[PDB]
Every structure is written in structure tokens, then in C-alpha cells.
Amino acid sequence: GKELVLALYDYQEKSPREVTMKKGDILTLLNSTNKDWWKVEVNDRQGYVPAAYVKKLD
């Protein structure tokens, strides 16, 4: 995915499939098909984070 999202809160990964982000991070939204968890790229890391904890930039 090429779209960007702003991390609204800090979030430490709770499972192997999740990824960690700091508030203010600009992440690349890879997949937003799931209503609750969006897959994002945090710099050079990849995984899921709660959709409600990020904000699409467009």
C-alpha cells in the first residue's frame, strides 16, 4: 500500500503479527480490509495495529 497514516497513540506489539509505533509516527498503510486491525509499515518493520489507533492522512 502507498497511503500514509498518523499514529495517534503509542502501541507496543502484543503478538508476533503486530507492530510497534510511537505517537506521531507516519506509517504506510499496507492493508485496511479488516475493520479492527490495519497492517502498516513502521519504518522497516511490518505488522498489524488497531485501526482506531491510526488516522489516514487523506
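Residues numbered from 1 in each chain as written, not as in the entry; some residues may be left out. Heavy atoms only, no water.

This entry, as listed in the PDB, derives from X-ray crystallography and reports a resolution of 1.98 Å.

The name given to the protein chain in the PDB entry is SPECTRIN ALPHA CHAIN, with Gallus gallus as the source organism.

A. How the structure looks around the pairing of strand β4 (residues 45–50). Bridge analysis of strand β3 (residues 37–42) against β4 gives six bridges, and the strand direction is antiparallel. Within the sheet, the bridge partner assigned to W37 lies in β4 and is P50. Where β3 hands over to β4, the hairpin turn is made up of two residues, of which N43 adopts a positive phi near 60 degrees. (Pairing = 2+ DSSP bridges. Helix = DSSP H or I, 4+ residues; strand = E, 2+ residues; numbered from the N terminus.)

B. Representation of a nonpolar patch on the surface in the model. A cluster of nonpolar side chains, namely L4, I26 and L57, defines an oily patch on the protein surface of about 250 Å² accessible area. Along the chain, the position of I26 falls in strand β2 (residues 26–31). Note on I26: relative accessible area 46%, which makes it partly exposed. (Patch = residues over 30% accessible without salt bridge, like charges linked within 9 Å, V, L, I, M, F, W, Y side chains within 5 Å. Areas by Shrake-Rupley, 256 points an atom, 1.4 Å probe, with all protein chains shown as cover. Salt bridge = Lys/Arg side-chain N within 4 Å of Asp/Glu carboxyl O. Buried < 20%, exposed > 50% of the residue type's maximum accessible area, 1.4 Å probe, protein only.)

C. Fine view of the pairing of β2. Sheet analysis places strand β1 (residues 3–7) next to β2, joined by four bridges and oriented antiparallel. Looking across to β2, one finds that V5 is bridged to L27. As paired strands, β2 and β3 are joined by three bridges and run antiparallel to one another. When the sheet's bridge partners are listed, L29 is paired in β3 with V40. Taking the residues between adjacent antiparallel strands as the criterion, β2 and β3 are bridged by five residues.

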